[PDB]
$ cat coords27.cif   # mmCIF, C-alpha atoms; chains and numbers go by the auth columns
data_input
loop_
_atom_site.group_PDB
_atom_site.id
_atom_site.type_symbol
_atom_site.label_atom_id
_atom_site.label_comp_id
_atom_site.label_asym_id
_atom_site.label_seq_id
_atom_site.Cartn_x
_atom_site.Cartn_y
_atom_site.Cartn_z
_atom_site.B_iso_or_equiv
_atom_site.auth_seq_id
_atom_site.auth_asym_id
ATOM 1 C CA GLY A 1 0.000 0.000 0.000 0.00 413 A
ATOM 2 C CA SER A 2 1.036 3.589 0.686 0.00 414 A
ATOM 3 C CA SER A 3 1.773 5.886 3.626 0.00 415 A
ATOM 4 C CA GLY A 4 1.356 9.519 2.620 0.00 416 A
ATOM 5 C CA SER A 5 3.117 11.964 0.310 0.00 417 A
ATOM 6 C CA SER A 6 5.091 14.842 1.823 0.00 418 A
ATOM 7 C CA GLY A 7 2.808 17.727 2.735 0.00 419 A
ATOM 8 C CA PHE A 8 -0.484 18.457 4.480 0.00 420 A
ATOM 9 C CA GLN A 9 -2.930 15.699 5.418 0.00 421 A
ATOM 10 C CA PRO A 10 -6.754 15.701 5.285 0.00 422 A
ATOM 11 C CA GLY A 11 -8.928 15.451 8.381 0.00 423 A
ATOM 12 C CA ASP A 12 -7.540 18.473 10.213 0.00 424 A
ATOM 13 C CA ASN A 13 -9.722 21.532 10.805 0.00 425 A
ATOM 14 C CA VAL A 14 -8.690 24.666 8.912 0.00 426 A
ATOM 15 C CA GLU A 15 -10.177 27.934 7.658 0.00 427 A
ATOM 16 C CA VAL A 16 -9.750 30.414 4.804 0.00 428 A
ATOM 17 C CA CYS A 17 -7.385 33.312 5.489 0.00 429 A
ATOM 18 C CA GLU A 18 -7.769 35.310 2.275 0.00 430 A
ATOM 19 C CA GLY A 19 -10.043 35.313 -0.759 0.00 431 A
ATOM 20 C CA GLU A 20 -13.798 35.384 -1.315 0.00 432 A
ATOM 21 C CA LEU A 21 -14.424 32.362 0.910 0.00 433 A
ATOM 22 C CA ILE A 22 -12.633 34.150 3.748 0.00 434 A
ATOM 23 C CA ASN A 23 -13.729 33.467 7.327 0.00 435 A
ATOM 24 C CA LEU A 24 -14.740 29.993 6.155 0.00 436 A
ATOM 25 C CA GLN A 25 -13.863 27.069 8.426 0.00 437 A
ATOM 26 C CA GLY A 26 -14.200 23.352 7.754 0.00 438 A
ATOM 27 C CA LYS A 27 -12.573 19.924 7.679 0.00 439 A
ATOM 28 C CA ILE A 28 -10.036 18.733 5.108 0.00 440 A
ATOM 29 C CA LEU A 29 -10.912 15.747 2.919 0.00 441 A
ATOM 30 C CA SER A 30 -7.825 15.320 0.739 0.00 442 A
ATOM 31 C CA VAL A 31 -4.703 17.103 -0.499 0.00 443 A
ATOM 32 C CA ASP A 32 -4.085 17.758 -4.194 0.00 444 A
ATOM 33 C CA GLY A 33 -0.588 19.212 -4.395 0.00 445 A
ATOM 34 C CA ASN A 34 -1.171 22.950 -4.724 0.00 446 A
ATOM 35 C CA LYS A 35 -4.940 22.482 -4.503 0.00 447 A
ATOM 36 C CA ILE A 36 -6.699 21.209 -1.380 0.00 448 A
ATOM 37 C CA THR A 37 -10.089 19.504 -1.624 0.00 449 A
ATOM 38 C CA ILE A 38 -12.137 20.039 1.535 0.00 450 A
ATOM 39 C CA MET A 39 -15.721 20.493 2.723 0.00 451 A
ATOM 40 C CA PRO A 40 -17.063 23.646 4.429 0.00 452 A
ATOM 41 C CA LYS A 41 -19.294 23.344 7.494 0.00 453 A
ATOM 42 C CA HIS A 42 -22.496 25.024 6.312 0.00 454 A
ATOM 43 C CA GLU A 43 -26.045 23.726 5.872 0.00 455 A
ATOM 44 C CA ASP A 44 -26.631 26.036 2.907 0.00 456 A
ATOM 45 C CA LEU A 45 -23.822 24.234 1.082 0.00 457 A
ATOM 46 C CA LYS A 46 -24.524 20.622 0.119 0.00 458 A
ATOM 47 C CA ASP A 47 -21.291 19.813 -1.714 0.00 459 A
ATOM 48 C CA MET A 48 -17.512 19.709 -1.288 0.00 460 A
ATOM 49 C CA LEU A 49 -15.143 22.413 -2.531 0.00 461 A
ATOM 50 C CA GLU A 50 -11.468 22.726 -3.463 0.00 462 A
ATOM 51 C CA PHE A 51 -9.242 25.638 -2.448 0.00 463 A
ATOM 52 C CA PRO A 52 -5.517 26.404 -2.886 0.00 464 A
ATOM 53 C CA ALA A 53 -3.150 25.817 0.031 0.00 465 A
ATOM 54 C CA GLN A 54 -2.722 29.596 -0.010 0.00 466 A
ATOM 55 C CA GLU A 55 -6.435 30.207 0.547 0.00 467 A
ATOM 56 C CA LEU A 56 -6.584 27.595 3.309 0.00 468 A
ATOM 57 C CA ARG A 57 -4.689 28.001 6.582 0.00 469 A
ATOM 58 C CA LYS A 58 -4.248 25.767 9.630 0.00 470 A
ATOM 59 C CA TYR A 59 -5.553 27.335 12.840 0.00 471 A
#
$ encode --input "coords27.cif" --output "structure tokens"
Amino acid sequence: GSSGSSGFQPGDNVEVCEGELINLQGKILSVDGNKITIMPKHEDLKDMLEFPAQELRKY
């Protein structure tokens, strides 16, 4: 099998620092190199989203 590429790992709780989706917290699902696919914690939203490591920040 595999272990885990070098970088950030999904599952941790992070939030957006800059951008339009600022002040947006949520859990990480996976890590796509420069892009990070996660899912925001909001009822209004019923789907997952992907943001750049730059937009997302670990708090």
$ atom_distance --input "coords27.cif" --atom1 "CA of residue 417 in chain A" --atom2 "CA of residue 447 in chain A"
14.1 Å
$ resolve_selection --input "coords27.cif" --expression "the PyMOL selection byres ((chain A and resi 438) around 8)" --output "PyMOL selection string"
chain A and resi 425-427+436-437+439-440+450-453
$ resolve_selection --input "coords27.cif" --expression "the PyMOL selection byres ((chain A and resi 429) around 8)" --output "ChimeraX atom specification"
/A:427-428,430-431,434-435,467-469
$ write_last_selection --input "coords27.cif" --atoms "C-alpha atoms" --output "PDB file, keeping the file's coordinate frame"
ATOM      1  CA  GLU A 427     -10.177  27.934   7.658  1.00  0.00           C
ATOM      2  CA  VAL A 428      -9.750  30.414   4.804  1.00  0.00           C
ATOM      3  CA  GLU A 430      -7.769  35.310   2.275  1.00  0.00           C
ATOM      4  CA  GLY A 431     -10.043  35.313  -0.759  1.00  0.00           C
ATOM      5  CA  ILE A 434     -12.633  34.150   3.748  1.00  0.00           C
ATOM      6  CA  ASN A 435     -13.729  33.467   7.327  1.00  0.00           C
ATOM      7  CA  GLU A 467      -6.435  30.207   0.547  1.00  0.00           C
ATOM      8  CA  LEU A 468      -6.584  27.595   3.309  1.00  0.00           C
ATOM      9  CA  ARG A 469      -4.689  28.001   6.582  1.00  0.00           C
TER      10      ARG A 469
END
$ closest_residue --input "coords27.cif" --among "A:419, A:471, A:413, A:464" --to "residue 449 in chain A" --atoms "only C-alpha atoms"
A:464
$ atom_distance --input "coords27.cif" --atom1 "CA of residue 448 in chain A" --atom2 "CA of residue 470 in chain A"
12.2 Å
$ closest_residue --input "coords27.cif" --among "A:418, A:465, A:459, A:423" --to "residue 446 in chain A" --atoms "all atoms listed in the file"
A:465
$ atom_distance --input "coords27.cif" --atom1 "CA of residue 424 in chain A" --atom2 "CA of residue 463 in chain A"
14.6 Å
$ axis_aligned_box --input "coords27.cif" --around "range 421-429 of chain A" --padding-each-side "4 Å" --output "JSON"
{"center_x": -6.6, "center_y": 24.4, "center_z": 7.8, "size_x": 15.2, "size_y": 25.9, "size_z": 14.0}
$ closest_residue --input "coords27.cif" --among "A:432, A:460, A:455, A:444" --to "residue 416 in chain A" --atoms "all atoms listed in the file"
A:444
$ decode --input "coords27.cif" --residues "range 414-448 of chain A" --atoms "N, CA, C and O atoms" --output "JSON list (two decimals), in the first residue's frame"
[["chain", "number", "residue", "atom", "x", "y", "z"],
["A", 414, "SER", "N", 0.33, 2.32, 0.62],
["A", 414, "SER", "CA", 1.04, 3.59, 0.69],
["A", 414, "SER", "C", 0.97, 4.18, 2.09],
["A", 414, "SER", "O", 0.22, 3.69, 2.94],
["A", 415, "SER", "N", 1.74, 5.23, 2.32],
["A", 415, "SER", "CA", 1.77, 5.89, 3.63],
["A", 415, "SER", "C", 1.18, 7.29, 3.54],
["A", 415, "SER", "O", 0.16, 7.58, 4.16],
["A", 416, "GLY", "N", 1.83, 8.16, 2.77],
["A", 416, "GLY", "CA", 1.36, 9.52, 2.62],
["A", 416, "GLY", "C", 2.43, 10.45, 2.09],
["A", 416, "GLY", "O", 3.47, 10.63, 2.71],
["A", 417, "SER", "N", 2.17, 11.05, 0.93],
["A", 417, "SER", "CA", 3.12, 11.96, 0.31],
["A", 417, "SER", "C", 3.50, 13.08, 1.27],
["A", 417, "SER", "O", 2.81, 13.33, 2.26],
["A", 418, "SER", "N", 4.61, 13.75, 0.98],
["A", 418, "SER", "CA", 5.09, 14.84, 1.82],
["A", 418, "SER", "C", 4.22, 16.08, 1.66],
["A", 418, "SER", "O", 4.04, 16.59, 0.56],
["A", 419, "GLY", "N", 3.66, 16.55, 2.77],
["A", 419, "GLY", "CA", 2.81, 17.73, 2.73],
["A", 419, "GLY", "C", 1.72, 17.69, 3.79],
["A", 419, "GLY", "O", 1.86, 17.02, 4.81],
["A", 420, "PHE", "N", 0.63, 18.41, 3.54],
["A", 420, "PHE", "CA", -0.48, 18.46, 4.48],
["A", 420, "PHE", "C", -1.37, 17.22, 4.34],
["A", 420, "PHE", "O", -1.42, 16.60, 3.28],
["A", 421, "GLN", "N", -2.05, 16.86, 5.42],
["A", 421, "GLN", "CA", -2.93, 15.70, 5.42],
["A", 421, "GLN", "C", -4.37, 16.10, 5.74],
["A", 421, "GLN", "O", -4.62, 16.99, 6.55],
["A", 422, "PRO", "N", -5.33, 15.43, 5.08],
["A", 422, "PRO", "CA", -6.75, 15.70, 5.28],
["A", 422, "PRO", "C", -7.24, 15.26, 6.66],
["A", 422, "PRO", "O", -6.61, 14.43, 7.32],
["A", 423, "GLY", "N", -8.38, 15.80, 7.09],
["A", 423, "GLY", "CA", -8.93, 15.45, 8.38],
["A", 423, "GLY", "C", -8.83, 16.59, 9.38],
["A", 423, "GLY", "O", -9.72, 16.77, 10.21],
["A", 424, "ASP", "N", -7.75, 17.35, 9.31],
["A", 424, "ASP", "CA", -7.54, 18.47, 10.21],
["A", 424, "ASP", "C", -8.54, 19.59, 9.94],
["A", 424, "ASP", "O", -9.08, 19.69, 8.83],
["A", 425, "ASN", "N", -8.78, 20.42, 10.94],
["A", 425, "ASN", "CA", -9.72, 21.53, 10.81],
["A", 425, "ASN", "C", -8.99, 22.83, 10.48],
["A", 425, "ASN", "O", -8.14, 23.29, 11.25],
["A", 426, "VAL", "N", -9.32, 23.42, 9.34],
["A", 426, "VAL", "CA", -8.69, 24.67, 8.91],
["A", 426, "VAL", "C", -9.73, 25.67, 8.44],
["A", 426, "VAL", "O", -10.92, 25.36, 8.35],
["A", 427, "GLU", "N", -9.28, 26.88, 8.12],
["A", 427, "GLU", "CA", -10.18, 27.93, 7.66],
["A", 427, "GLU", "C", -9.49, 28.82, 6.62],
["A", 427, "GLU", "O", -8.26, 28.85, 6.54],
["A", 428, "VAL", "N", -10.28, 29.53, 5.83],
["A", 428, "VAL", "CA", -9.75, 30.41, 4.80],
["A", 428, "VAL", "C", -9.21, 31.70, 5.41],
["A", 428, "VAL", "O", -9.86, 32.33, 6.25],
["A", 429, "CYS", "N", -8.01, 32.10, 4.99],
["A", 429, "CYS", "CA", -7.39, 33.31, 5.49],
["A", 429, "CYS", "C", -7.67, 34.49, 4.56],
["A", 429, "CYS", "O", -8.00, 35.59, 5.02],
["A", 430, "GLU", "N", -7.53, 34.26, 3.26],
["A", 430, "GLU", "CA", -7.77, 35.31, 2.27],
["A", 430, "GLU", "C", -8.62, 34.78, 1.12],
["A", 430, "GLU", "O", -8.72, 33.58, 0.91],
["A", 431, "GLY", "N", -9.21, 35.70, 0.37],
["A", 431, "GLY", "CA", -10.04, 35.31, -0.76],
["A", 431, "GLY", "C", -11.50, 35.66, -0.55],
["A", 431, "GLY", "O", -11.85, 36.40, 0.37],
["A", 432, "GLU", "N", -12.37, 35.13, -1.41],
["A", 432, "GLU", "CA", -13.80, 35.38, -1.31],
["A", 432, "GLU", "C", -14.44, 34.50, -0.25],
["A", 432, "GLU", "O", -15.40, 34.91, 0.41],
["A", 433, "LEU", "N", -13.90, 33.30, -0.08],
["A", 433, "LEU", "CA", -14.42, 32.36, 0.91],
["A", 433, "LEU", "C", -13.77, 32.59, 2.27],
["A", 433, "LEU", "O", -13.73, 31.69, 3.11],
["A", 434, "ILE", "N", -13.28, 33.80, 2.49],
["A", 434, "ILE", "CA", -12.63, 34.15, 3.75],
["A", 434, "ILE", "C", -13.55, 33.86, 4.93],
["A", 434, "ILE", "O", -14.77, 33.76, 4.77],
["A", 435, "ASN", "N", -12.96, 33.74, 6.12],
["A", 435, "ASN", "CA", -13.73, 33.47, 7.33],
["A", 435, "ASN", "C", -14.56, 32.20, 7.17],
["A", 435, "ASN", "O", -15.64, 32.07, 7.75],
["A", 436, "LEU", "N", -14.05, 31.26, 6.39],
["A", 436, "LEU", "CA", -14.74, 29.99, 6.15],
["A", 436, "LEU", "C", -13.95, 28.82, 6.74],
["A", 436, "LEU", "O", -12.87, 28.49, 6.27],
["A", 437, "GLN", "N", -14.51, 28.20, 7.78],
["A", 437, "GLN", "CA", -13.86, 27.07, 8.43],
["A", 437, "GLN", "C", -14.45, 25.75, 7.94],
["A", 437, "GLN", "O", -15.54, 25.72, 7.36],
["A", 438, "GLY", "N", -13.73, 24.66, 8.18],
["A", 438, "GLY", "CA", -14.20, 23.35, 7.75],
["A", 438, "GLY", "C", -13.15, 22.28, 7.92],
["A", 438, "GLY", "O", -12.03, 22.55, 8.37],
["A", 439, "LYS", "N", -13.50, 21.05, 7.57],
["A", 439, "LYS", "CA", -12.57, 19.92, 7.68],
["A", 439, "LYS", "C", -11.97, 19.58, 6.32],
["A", 439, "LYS", "O", -12.61, 19.74, 5.28],
["A", 440, "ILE", "N", -10.73, 19.10, 6.34],
["A", 440, "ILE", "CA", -10.04, 18.73, 5.11],
["A", 440, "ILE", "C", -10.35, 17.29, 4.71],
["A", 440, "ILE", "O", -10.36, 16.40, 5.56],
["A", 441, "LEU", "N", -10.60, 17.08, 3.43],
["A", 441, "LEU", "CA", -10.91, 15.75, 2.92],
["A", 441, "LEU", "C", -9.68, 15.10, 2.30],
["A", 441, "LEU", "O", -9.33, 13.97, 2.63],
["A", 442, "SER", "N", -9.02, 15.82, 1.40],
["A", 442, "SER", "CA", -7.83, 15.32, 0.74],
["A", 442, "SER", "C", -6.88, 16.46, 0.38],
["A", 442, "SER", "O", -7.22, 17.64, 0.54],
["A", 443, "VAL", "N", -5.70, 16.11, -0.11],
["A", 443, "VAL", "CA", -4.70, 17.10, -0.50],
["A", 443, "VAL", "C", -4.22, 16.88, -1.93],
["A", 443, "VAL", "O", -3.63, 15.85, -2.24],
["A", 444, "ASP", "N", -4.49, 17.85, -2.80],
["A", 444, "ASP", "CA", -4.08, 17.76, -4.19],
["A", 444, "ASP", "C", -2.96, 18.74, -4.50],
["A", 444, "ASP", "O", -3.19, 19.82, -5.04],
["A", 445, "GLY", "N", -1.73, 18.35, -4.15],
["A", 445, "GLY", "CA", -0.59, 19.21, -4.40],
["A", 445, "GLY", "C", -0.85, 20.65, -3.99],
["A", 445, "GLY", "O", -0.97, 20.96, -2.81],
["A", 446, "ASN", "N", -0.93, 21.53, -4.98],
["A", 446, "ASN", "CA", -1.17, 22.95, -4.72],
["A", 446, "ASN", "C", -2.62, 23.18, -4.30],
["A", 446, "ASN", "O", -2.91, 24.09, -3.52],
["A", 447, "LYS", "N", -3.52, 22.37, -4.83],
["A", 447, "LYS", "CA", -4.94, 22.48, -4.50],
["A", 447, "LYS", "C", -5.31, 21.56, -3.35],
["A", 447, "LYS", "O", -4.76, 20.46, -3.22],
["A", 448, "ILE", "N", -6.25, 22.00, -2.52],
["A", 448, "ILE", "CA", -6.70, 21.21, -1.38],
["A", 448, "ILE", "C", -8.21, 21.04, -1.39],
["A", 448, "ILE", "O", -8.96, 22.00, -1.22]]
